[PDB]
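Below is one structure, written out as structure tokens, with a few remarks after it.
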Number of protein chains: 4
Amino acid sequence: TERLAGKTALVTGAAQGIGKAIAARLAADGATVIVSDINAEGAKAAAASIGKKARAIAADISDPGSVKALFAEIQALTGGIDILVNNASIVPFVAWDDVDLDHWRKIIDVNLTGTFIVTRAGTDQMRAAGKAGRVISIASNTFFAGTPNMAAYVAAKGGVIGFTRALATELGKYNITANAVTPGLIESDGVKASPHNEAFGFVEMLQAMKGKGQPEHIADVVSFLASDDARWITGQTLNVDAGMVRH
Amino acid sequence: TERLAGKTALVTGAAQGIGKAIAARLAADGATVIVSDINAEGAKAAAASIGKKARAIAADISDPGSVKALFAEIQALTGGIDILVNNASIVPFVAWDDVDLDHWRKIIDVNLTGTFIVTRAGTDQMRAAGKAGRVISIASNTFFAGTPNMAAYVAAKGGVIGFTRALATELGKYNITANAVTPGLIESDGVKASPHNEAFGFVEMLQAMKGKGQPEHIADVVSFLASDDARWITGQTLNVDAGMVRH
Amino acid sequence: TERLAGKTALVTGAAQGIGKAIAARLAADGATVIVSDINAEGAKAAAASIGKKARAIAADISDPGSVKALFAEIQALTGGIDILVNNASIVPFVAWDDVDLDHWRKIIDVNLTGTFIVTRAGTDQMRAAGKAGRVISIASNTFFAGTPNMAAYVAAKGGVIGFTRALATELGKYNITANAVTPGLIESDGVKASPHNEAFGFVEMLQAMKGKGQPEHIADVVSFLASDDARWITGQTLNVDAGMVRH
Amino acid sequence: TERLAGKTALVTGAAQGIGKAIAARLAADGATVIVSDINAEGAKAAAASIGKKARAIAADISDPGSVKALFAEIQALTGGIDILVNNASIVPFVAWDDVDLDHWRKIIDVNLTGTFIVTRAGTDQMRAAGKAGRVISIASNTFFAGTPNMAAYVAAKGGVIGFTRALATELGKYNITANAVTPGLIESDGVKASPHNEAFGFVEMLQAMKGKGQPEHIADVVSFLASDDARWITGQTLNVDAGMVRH
Ligand SMILES: NC(=O)c1ccc[n+]([C@@H]2O[C@H](COP(=O)([O-])OP(=O)(O)OC[C@H]3O[C@@H](n4cnc5c(N)ncnc54)[C@H](O)[C@@H]3O)[C@@H](O)[C@H]2O)c1
Ligand SMILES: NC(=O)c1ccc[n+]([C@@H]2O[C@H](COP(=O)([O-])OP(=O)(O)OC[C@H]3O[C@@H](n4cnc5c(N)ncnc54)[C@H](O)[C@@H]3O)[C@@H](O)[C@H]2O)c1
Ligand SMILES: NC(=O)c1ccc[n+]([C@@H]2O[C@H](COP(=O)([O-])OP(=O)(O)OC[C@H]3O[C@@H](n4cnc5c(N)ncnc54)[C@H](O)[C@@H]3O)[C@@H](O)[C@H]2O)c1
Ligand SMILES: NC(=O)c1ccc[n+]([C@@H]2O[C@H](COP(=O)([O-])OP(=O)(O)OC[C@H]3O[C@@H](n4cnc5c(N)ncnc54)[C@H](O)[C@@H]3O)[C@@H](O)[C@H]2O)c1
Ligand SMILES: Cc1ncc2c(c1O)C(=O)OC2
Ligand SMILES: Cc1ncc2c(c1O)C(=O)OC2
Ligand SMILES: Cc1ncc2c(c1O)C(=O)OC2
Ligand SMILES: Cc1ncc2c(c1O)C(=O)OC2
């Protein structure tokens with residue numbers, strides 16, 4: 001019991017929403033959890049709320065130097081991560097005709113390229129420390145649905161799934177698995193503060209089970225993927241959306 | 001875990017291999033487990049290997065009367081199942097030119113239709129007992145790979161995935177989820193006694209992770225799918241094959 | 001406009017609906033087309049309606065003796081098929097609680113097992129002649145959507161996709177390709193006469209493109225799959241539904 | 001004459017390889033073809049290889065100014081495109097430990113962001129001209145396979161698939177479809193000059209049908225997707241790889 005005792009997990013974007021919930025669950029599982037977010041004040045509050053097992057370290061996942069500093073600090077405090085959860089992203093609501101190159105570049109730079117930057121450093125850290133590892137990246141079921149008003153975001157999330165599939169092949173020899181989770185619409189802090197909050201009616205209509213998805217619905221699946229129970233799973237995408245789509 | 005304390009799980013085809021391991025893990029999780037198999041001697045041995053949480057009840061999943069008797073005995077003993085694992089199947093090795101109608105019908109009748117027979121009765125039992133429930137069906141990653149020497153089997157397993165997707169839609173309103181697992185090649189009792197045993201070299205070379213797949217690799221994933229951690233997952237297929245294919 | 005000159009194509013279930021439209025297009029492409037249906041009078045009428053090189057031969061795809069007779073007559077009339085289109089199926093509307101074993105068996109027997117019976121005989125006929133043929137099976141996008149009121153049908157169509165993937169592997173060495181098409185809701189004769197006709201409003205609203213799907217939408221895709229332009233495609237499923245789902 | 005008579009198709013990266021083959025086939029189908037490549041002299045040479053129906057216009061797809069100038073010229077020559085084929089990309093061979101941020105950014109910038117830049121301008125041009133349109137983007141079956149030595153490329157191609165699915169939803173109302181093709185390994189000019197040339201043994205081993213994939217294998221499928229026969233297909237990905245993977 002406390003299956004993650006002695007393990008260190010980094011969760012990016014963990015100041016609020018799904019990321020905070022993931023960090024809370026991994027901490028309850030026994031892990032030392034690094035709560036990282038570009039919002040430093042938010043990260044501090046999130047780590048404090050989780051208690052004990054959690055430490056806040058601010059980072060911008062799109063900034064290579066910021067990420068290098070993040071991992072240097074983790075190495076000094078813990079000896080290196082065992083588990084990486086790529087959760088940070090911008091979740092936009094943008095009409096197609098408002099998707100210009102500036103918007104596109106920003107979404108790709110954070111959501112896709114930031115994910116690479118963090119994964120590059122994190123898996124290099126696992127390997128240097130001789131740790132079997134787990135990479136878990138939060139994508140989105142919009143990749144399956146073709147959801148409107150998010151074109152750059154859907155592209156970036158498809159990139160995260162592609163990256164995951166290739167990464168699994170590259171890292172298997174190091175005993176590191178790489179999987180993705182595709183949440184459906186979740187009632188996170190960020191969604192409640194955006195026009196996506198108005199999408200619950202349509203989404204629930206398409207779900208096989210009713211109710212608004214919650215951050216804990218995703219956190220509890222990430223817990224499984226971080227555990228030894230998922231040791232034979234790599235390169236896969238697990239869709240968690242009460243059945244809005246079927247993968 | 002004990003997370004399944006007070007729950008009842010039926011595992012079909014549990015005399016040996018993957019089914020036995022699934023039964024063993026669900027019992028370790030705390031469930032009362034019904035070990036069912038057409039091989040009554042084997043079911044008895046498997047239940048004895050697991051201990052007091054397991055009870056052997058023989059059944060042929062393709063025989064509606066045999067299945068009715070199975071569920072009547074489960075109802076009398078436990079008040080009804082909470083969890084159904086559809087694991088029973090024939091795993092053939094048959095060259096395409098040896099796939100005649102007799103062979104086709106037999107594989108379809110057990111692997112696909114038997115799965116319906118058991119699921120019909122089992123989910124009706126859950127509903128009658130006002131139980132939230134979990135249906136978990138073992139398919140095969142051959143559905144993704146188009147593996148040779150198993151044509152009727154691959155068809156049947158595609159049918160199980162299709163059935164799972166429709167069932168998730170039909171049963172969501174009764175708080176019952178329906179998911180599938182696709183194992184890759186697993187060193188089960190049945191595989192070891194078949195020409196499929198010689199596929200391990202080629203499969204392991206195509207895997208991202210090293211090693212021959214084991215029954216426990218699948219059992220531990222079914223544990224997750226039977227748990228509350230998977231409560232927001234329905235209609236989905238989780239591929240467990242050390243990366244031979246990517247889903 | 002004559003790319004199929006010299007080729008012979010068999011289309012099952014071709015008395016009406018999608019089947020007839022497929023037969024009509026392949027005939028326009030220049031092929032000798034065998035219009036086959038369990039409705040013997042209907043098969044004759046549709047072949048006469050198409051004219052060109054169309055000929056009718058009645059058959060029940062679920063009856064191996066009937067199919068044997070079908071292929072004997074085809075061999076005698078044409079020298080054997082180059083192209084097989086598995087289109088015949090029963091399209092039910094049945095509430096889940098009305099899906100009993102009798103219903104399930106019938107749908108699996110015709111839609112899945114009938115597809116095997118025809119494919120067994122048809123691809124054997126191709127091979128006997130040394131032809132680099134084409135197997136194209138009509139499945140359904142309900143396999144992706146988990147559509148309600150069709151549980152046995154969705155299972156059968158998943159079986160057809162599984163069968164297709166395995167068959168591509170088995171027959172590639174004989175230069176025979178095997179692919180599947182998944183239509184969305186189509187305004188066929190059969191659909192117009194069923195409660196499925198009422199699904200058009202919901203379906204069109206979920207489609208990316210406007211309009212009710214027509215049999216010719218599917219026929220024109222099957223034409224491509226039967227042509228040399230599709231020569232490098234095998235084992236694949238092409239979804240044709242104006243974007244209701246994304247495959 | 002000629003399915004695409006009166007139509008204008010732009011093919012990017014068309015100086016050599018698959019792009020040249022696509023441009024050639026669309027010209028044979030009757031379209032006026034804009035042969036575009038970052039290699040200006042290469043674009044001129046390829047247009048000359050096609051003949052009177054081709055016009056060469058140089059452009060770097062990753063450069064917004066270059067792409068806008070490309071479309072400004074097309075508008076003056078033809079009144080605007082009906083068909084866009086996003087074919088330009090870098091196809092790298094790079095060991096995982098050589099995948100650094102500079103490499104990642106370059107691949108994403110050209111293969112994914114360039115695809116957006118061209119599609120943004122191209123579909124805006126279709127709409128301004130009041131033309132029903134077809135967008136066809138060339139991805140890669142590495143997205144399905146998780147192919148090694150190409151990690152950024154696999155991510156970028158996953159992005160193209162995601163983008164395609166969202167774009168279909170955004171543009172259906174304007175009667176523009178958007179689909180993707182995933183080629184398997186193809187003996188293109190570019191592959192012949194790279195370490196991927198050494199992959200044919202392994203790839204052919206996994207293929208259901210034997211032989212090295214050729215540019216025409218892809219061109220002939222793109223022809224179908226550009227035609228009216230594909231009018232009911234949008235948001236889909238068509239895999240063209242002699243069965244190396246099954247989609
Ligand atoms: N909520 C949903 O409906 C939904 C659905 C599918 C997928 N997702 C994914 O789940 C993840 C979390 O989503 P959420 O709804 O909880 O988001 P949220 O907006 O509530 O929180 C996102 C967090 O990420 C942080 N962040 C943003 N950019 C960052 C960067 N450059 N570096 C470090 N941190 C950064 C923010 O500060 C914020 O704390 C995201 O990957 C999102 O794409 C969400
Ligand atoms: N082992 C693998 O490589 C592999 C891979 C993918 C999927 N699977 C699936 O996993 C499941 C278990 O596989 P396994 O390798 O452990 O099989 P196995 O051959 O070792 O055991 C199968 C059990 O099912 C029972 N059974 C067969 N027909 C039955 C029927 N009519 N009614 C009741 N019981 C019946 C047998 O008696 C046997 O005890 C099957 O569904 C199989 O299709 C196995
Ligand atoms: N129409 C749709 O919305 C739709 C959607 C997805 C898939 N499909 C598939 O398309 C195919 C054609 O459907 P349709 O709507 O044109 O059907 P339809 O009902 O209009 O026509 C089907 C034809 O098949 C024949 N048939 C039935 N059982 C047969 C058997 N045992 N042997 C030989 N022939 C038999 C019937 O006589 C009929 O002529 C089917 O495979 C169906 O599952 C249809
Ligand atoms: N060849 C394969 O095995 C294979 C497999 C799967 C997918 N693909 C995809 O097919 C497409 C064509 O591949 P190919 O093998 O024919 O490539 P190739 O290398 O032979 O030709 C690529 C062409 O694109 C041009 N190009 C590169 N960057 C450009 C840019 N910034 N702007 C404009 N043009 C640019 C090059 O000048 C070249 O003429 C690519 O999208 C590739 O990813 C190829
Ligand atoms: C189905 C769905 N709807 C809205 C949103 C998402 C989603 O997956 C998402 O990831 O961000 C917003
Ligand atoms: C990859 C693979 N190889 C062999 C077998 C299976 C499989 O999935 C299977 O389910 O039964 C035998
Ligand atoms: C989406 C959808 N709706 C209704 C029907 C089908 C379908 O695919 C089908 O194949 O038969 C009826
Ligand atoms: C299977 C496969 N092998 C090598 C390559 C590709 C591919 O799809 C590709 O797109 O570029 C190189």
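Below are the figures for this structure:
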item	result
Between 0 and 90°, nearest 10: helix B:17-28 axis offset from chain B longest Cα axis	30 degrees
For the axis carrying chain C to chain A: nearest C-beta residue of C, whole Å	C:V245, 4
FRET efficiency for A:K192 and C:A193, using Cβ-Cβ distance with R0 set to 35 Å, rounded to 0.05	0.15
Inter-copy label distances at B:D189 (7 Å, Cα→Cβ; nm, one decimal)	5.3, 5.4, 6.2
Those trypsin sites (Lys or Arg not before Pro) in the stretch A:147-247 that DSSP places in a loop and that have at most 11 other beta carbons within 10 Å	A:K210
Charge tally in the Cβ shell below 9 Å around C:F200, where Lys, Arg are +1 and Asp, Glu are -1, C:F200 excluded	-2
Zone residues, the stretch D:74-90, relative to D:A128, backbone N less than 17 Å from point 7 Å out along Cα-to-Cβ	D:74-84
Residues whose placed amide H lies under 5 Å from that of A:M150, excluding near-sequence neighbours	A:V94
Backbone N under 17 Å from the D:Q75 label point (7 Å along Cα→Cβ), restricted to the stretch D:19-60	none
Dipole of chain D, positive direction: furthest Cα of D:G213, D:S36, D:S227, with charges on the beta-carbon	D:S227
Neighbour-limited loop hits for chymotrypsin sites (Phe, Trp or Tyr not before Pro), the stretch D:1-97 (at most 16 other Cβ within 10 Å; DSSP other than H, G, I, E, B)	D:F93
7 Å along Cα→Cβ, label-point gaps from D:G79 to other copies, nm, shortest first	4.7, 7.3, 7.6
Extension gain, B:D102 back to B:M205 (0.36 nm per residue minus Cα-Cα distance, nm)	33.6 nm
Modelled FRET efficiency - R0 51 Å, C:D228 with C:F93, Cβ distances, 0.05 increments	0.85
MRE, 222 nm, helices only [DSSP H, n ≥ 4, -39500 (n - 2.57), over chain D, to nearest 500]	-13000 deg cm²/dmol
Cα centroid separation, the stretch A:6-80 to the stretch D:169-247 (Å)	42 Å
Folded to 0 to 90 degrees: helix C:114-129 orientation relative to chain C principal axis, Cα	20 degrees
Inter-copy spacing of D:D97 label points, which lie 7 Å from Cα along Cα→Cβ, given in nm from shortest upward	4.9, 5.3, 6.4
Alpha-carbon centroids, the stretch D:95-132 and the stretch B:93-164: separation in whole Å	43 Å
Dipole magnitude of the protein assembly as shown, debye to nearest 20 (Cβ charges: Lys/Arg +1, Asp/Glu -1, about Cα centre)	20 debye
Crossing angle, helix A:64-78 versus chain A [Cα axis fit, 0-90 degrees, rounded to tens]	50 degrees
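Computed from the coordinates by the stated procedures, all read-outs in this text should not be read as laboratory data. Neighbour counts run over all protein chains shown; Cβ positions are idealised from the backbone, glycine included.
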